[PDB]
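Protein chains get the first letters and strands the later ones, always in sequence-line order, with residue 1 at the start of each. The figures here come from the full heavy-atom set of this structure, side chains too, leaving out hydrogens, waters and symmetry mates.
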There are 2 protein chains.
Amino acid sequence: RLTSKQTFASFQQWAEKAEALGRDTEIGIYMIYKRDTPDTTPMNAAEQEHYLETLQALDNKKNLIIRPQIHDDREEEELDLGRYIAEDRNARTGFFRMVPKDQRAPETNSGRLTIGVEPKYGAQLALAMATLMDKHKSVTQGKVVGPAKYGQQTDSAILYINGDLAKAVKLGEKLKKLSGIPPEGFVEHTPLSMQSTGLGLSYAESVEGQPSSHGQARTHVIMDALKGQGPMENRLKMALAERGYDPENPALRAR
Amino acid sequence: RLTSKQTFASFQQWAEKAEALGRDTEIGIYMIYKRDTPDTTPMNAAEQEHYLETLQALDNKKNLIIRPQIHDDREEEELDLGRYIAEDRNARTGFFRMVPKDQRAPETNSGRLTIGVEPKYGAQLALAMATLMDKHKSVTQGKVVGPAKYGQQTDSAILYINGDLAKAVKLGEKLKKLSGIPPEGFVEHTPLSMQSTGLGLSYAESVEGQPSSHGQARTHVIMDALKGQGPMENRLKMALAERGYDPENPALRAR
């Protein structure tokens, strides 16, 4: 797991694929990363219904708020998850933020941990993420995708963590334990350019000031490199250096 | 249907949503358009298998090739749709291109017609699209999404057409008739900034030299508008005009 070889290799494969496909826009490059589909079995009607029941429950807690990303414009007073899940069918597909009632600010040294489980275990993992968030203040936020798309694109469950690679390895294994999810419940998949840290666990450090929404930071590195001449590897290493990443590991901040 | 009012209005709602959410990147603005979900019922497992079977069958037509977008880097003699469907999980989720054997180039006057049906009619629609392409050279290409994501984002089935609004309105009605899908099987849904041309039918024109992959052209107008000052409506119209669109109707080319 913890070697930079595959991490850089997948990043190069992503960038070479974009050049070979003829993609030359941010959206076009990003979709290669995003639509990279893991082998999963979707939730049935019952499971999807149960998944949304779980989210509503977490929202009715005193310390945790569950809000769709499409509601980022709303004051906390205007949030209505019940009305959302009942009326807005983006509830089946969009991402929901899991946000602790104490806010917890991202500091300069933060990253994202992506967790892949079979969709039937999605509700269970969500509960575990909430539990991990109660005790560990280093975990600032979580995100889970709607049930209809759970397991059908490169990520479905993400934690934002203040800290470094070491902290994320520790927290990932602690999450696995807390979850009670069997080893067969976790999905072997590493999104392109992310550091695999374990079965179903993947990590990337953020660099302050780089575009971060929807996980798009590494797209911009590739965009720079696409303007260049030569074997892809060098163009990537220099683009990584210029934007503050480790040139030998695109998942990490420079030293 | 054929009024500019709604078309400009949904475009302005998109841009206002982007500003309210604080989205300020191409991907972040694009996702508001893309993740806008219509109310549909997903395919069951038999229906998904049938759908993939239909696709594989269509590729056996002598004047038609079905190729996934992720194979844009392949020469025709490198394609293997059968192997892709059996072995690549992207086949469940990715877009498939429907491409004529004798290449019809997209012209300066070209647009997209987006067609929305309940996922259980998706296979029937694909058959209808392929047949439309046998008869009409004006239709240069078609795209349909993998079965697991059919009906789960703003678009699932698209035709590329050389011609204008009138041609699109006509081909759309023809396609609906041709398909034998019942009126009830079409989905009321217009992707943001597209011109509604009928129940389940939406259209937009491309401007020479604007970015079009993944349907992303109008995202760039919004990025322009978000950098400016004043009421959004005025900023959008200026941005529209500068990039070659009708200021009163964002789905149309100028003049």
Original post:
A:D72, A:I27, A:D24: which one forms the most heavy-atom pairs within less than 4.5 Å of chain B?
Top reply: A:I27
**OP:** Pick whichever of A:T219, A:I32, A:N90 has the most heavy-atom pairs under 4.5 Å with chain B.
**Re:** A:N90
**OP:** Count the heavy atoms belonging to other residues, nucleotides or ligands that lie under 6.0 Å from CD of B:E208, then report whether that count exceeds 12.
**Re:** no
Original post:
Highest number of heavy-atom pairs under 4.5 Å with chain A: which of B:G22, B:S213, B:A148, B:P211?
Top reply: B:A148
Subject >> Per-residue contact mode, A:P42 against chain B (heavy atom under 4.5 angstrom) >> reply: neither
Original post:
Would you say A:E242 has more than 12 foreign heavy atoms packed within less than 6.0 Å of its CD?
Top reply: no
Original post:
So, A:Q216 and B:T25: side-chain donor and acceptor under 3.5 Å apart, yes or no?
Top reply: yes
Original post:
What residue in A:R92, A:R74, A:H71, A:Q69 has the most heavy-atom pairs under 4.5 Å with chain B?
Top reply: A:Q69
Original post:
Which atom names give the shortest non-hydrogen contact between B:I70 and A:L21, and what distance separates them?
Top reply: O-CD2, 3.6 Å
**OP:** For residues B:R89 and A:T40, report the shortest heavy-atom separation together with the two atoms involved.
**Re:** NH2-O, 2.7 Å
Original post:
Side-chain contact, heavy-atom cut-off 4.5 Å: A:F95 with B:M31?
Top reply: no
Subject >> chain B contact via A:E19 - which portion, at a heavy-atom distance below 4.5 Å >> reply: neither
Subject >> More than 12 heavy atoms from other groups under 6.0 Å of CD on B:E75 >> reply: no
**OP:** Kindly give the heavy-atom pair with the smallest separation between B:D73 and A:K17, and that separation in Å.
**Re:** OD2-NZ, 2.6 Å
Original post:
For A:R23, is it the side chain, the backbone, both, or neither that has a heavy atom closer than 4.5 Å to a heavy atom of chain B?
Top reply: side chain
